[PDB]
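As structure tokens, one chain now follows by itself in the form deposited in one PDB entry.
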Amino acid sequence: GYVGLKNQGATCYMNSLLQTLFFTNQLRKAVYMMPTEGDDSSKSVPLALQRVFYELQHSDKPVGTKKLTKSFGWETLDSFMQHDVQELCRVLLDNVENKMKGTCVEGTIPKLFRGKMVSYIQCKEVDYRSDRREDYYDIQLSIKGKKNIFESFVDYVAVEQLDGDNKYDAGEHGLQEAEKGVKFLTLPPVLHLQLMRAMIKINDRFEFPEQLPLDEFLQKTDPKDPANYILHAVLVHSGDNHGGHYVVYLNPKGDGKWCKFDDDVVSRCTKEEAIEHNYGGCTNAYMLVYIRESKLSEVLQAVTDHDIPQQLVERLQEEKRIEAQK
């Protein structure tokens, strides 16, 4: 069936994030096209990602991630405990964005994960506005006092007020009252939403749907292409600071057919096990991946063994062979 990653020490969320990344087929195919031919076998993160992806594609056995851990140098537990899950992701996708530059596959990472945003400060009684367009690769939703994703987005674009003890330094116009907000211009083909359960681990109930309509949070909607999001992955944690375990649910083909990825054990599971059971109320979601309905089949284009350049094949084929140890 689908194949697992080893629990080889204390990689925490790493295995779950790799598998979500693996099953973002278009990212995978792009990764395979990177030119690692001349990359140092053990310093190179790009090479490491291709190997893991290759193995996840071909291996009958649980897949090892040691060279990967080494390649970006989070060899300890503190590494993972010092960092957020989106920061791991940036380290991996940052290195692959870079390696793809000057190649056919340049810009695939932005193409898949990059959206844009406007942040503004508007003065009540003075004609003065500060607009800042930012990119984003992922979103950090508040959950405390929020029942669902919907309420979270609502809170996200909430218009804060800057008043009295907290007025805005509007510069030439002196301290002024204003309202600062955020708003979405694009939403990317792949939406990575992290749920801010840390503060610890808040176990409060937080609901999320299979289908997520986001048109109503954009500025301009497109009747051609609506912002409807198909739930792809659920990154899950359970436990506390003494003992905790990380796991991920995927329906890799976006067709409602879920599997549970528990390191080296991958198993069929129910929609209920993947979704409602991870609302919390202790084992609950901390990151969810959505894909835009309209890009579903592009992102999740099917992948063959022929999509992997021979040059790369041999290199790994060979590498394995040398394993030969008494």
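Position 1 is the first residue in the sequence shown; the rest follow in order.
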Going by the PDB record, how many residues of the deposited sequence fall between residue 199 and residue 200 without any coordinates: none, 1 to 3, 4 to 9, or 10 or more?
4 to 9
Are residue 281 and residue 282 truly consecutive in the deposited sequence, or are residues between them missing coordinates? Give the number as none, 1 to 3, 4 to 9, or 10 or more.
4 to 9
Please work out which of 186-194 and 161-169 has the higher mean CA B-factor as recorded in the PDB entry.
161-169
Out of 200-208 and 84-92, which stretch has the higher average CA B-factor listed in the record?
200-208
So among 121, 109, 139, 77, who wins on Cα B-factor in the entry?
121
Taking the Cα B-factors listed in the entry, which of 252, 115, 102, 73 comes out highest?
102
Consider only the C-alpha atoms of the modelled residues in this chain, order them by B-factor as the entry records it, and name the third containing residue 16: lowest, middle or highest.
lowest
Against its chain's modelled residues, does residue 28's Cα B factor rank lowest, middle or highest third?
lowest
Relative C-alpha B-factor of residue 43, binned into the chain's lowest, middle or highest third:
highest
Would the CA B-factor of residue 3 place it in the lowest, middle or highest third of its chain?
middle
Ranked C-alpha temperature factor of residue 35 among modelled chain residues, by third
highest
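There is another form of the same protein, the form deposited with a small molecule bound; it is not shown, and what comes next is about it.
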Can any non-hydrogen atom of residue 192 be found within 4.5 angstroms of the small molecule in the bound PDB entry?
yes
Report whether the minimum heavy atom distance between residue 137 and the small molecule in the bound PDB entry is within 4.5 Å.
yes
Counting only non-hydrogen atoms and a 4.5 angstroms cut-off, does residue 152 reach the small molecule in the bound PDB entry?
no
So in the bound PDB entry, does any heavy atom of residue 162 sit within 4.5 Å of the small molecule?
no
Kindly confirm or deny that 89, 94 and 109 each have some heavy atom within 4.5 angstroms of the small molecule in the bound PDB entry.
yes
Only one of 250-258, 81-89, 68-76, 217-225 gets a heavy atom within 4.5 Å of the small molecule in the bound PDB entry; which is it?
81-89
